[PDB]
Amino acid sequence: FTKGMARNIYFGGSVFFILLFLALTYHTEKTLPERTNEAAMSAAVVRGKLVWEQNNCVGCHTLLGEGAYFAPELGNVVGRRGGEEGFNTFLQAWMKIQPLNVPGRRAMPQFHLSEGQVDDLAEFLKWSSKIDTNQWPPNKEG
């Protein structure tokens, strides 16, 4: 067993798996329109994604289980705060009332969002919850 042998294993293995991975990528990529329901991915939801980014929600929350662990999972918050029908109205109240000022409680900021912005946010969150996520999370608590 030589250096040379080891280096060619390194070479071949990595090229092969680089190529395997790209083929899988290409495939995965073609399935995404259906899995994520890109039909519904409206101008409103794409603007919501921007609001989500512009305010760093992910620095406190998880989305689909990724992000920070300080505050709740927002991927399925729709189902824990009045469903399809009333979620936008809830969110409008939710963003206005911050921070709650309960002594010692984890605080959320006031983002001084306009109602267009909050509505785009809600559409984004609503749409996120409908991604085929292989049945993640386990239950309504995220």
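Residue numbers run from 1 along the displayed sequence.
Colleague: Tell me which of 45-53 and 59-67 has the higher mean C-alpha B-factor in the deposited entry.
Modeller: The stretch with the larger average C-alpha B-factor is 45-53.
Colleague: Can you tell me which stretch has the higher mean Cα B-factor, 70-78 or 30-38?
Modeller: Per the PDB record, 30-38.
Colleague: When the modelled residues of the chain are sorted by Cα temperature factor, does residue 135 land in the lowest, middle or highest third?
Modeller: Answer is middle: the recorded C-alpha B-factor places it there.
Colleague: Looking at the temperature factor on the CA atom of residue 83, which third of the chain's modelled residues does it land in?
Modeller: Highest third.
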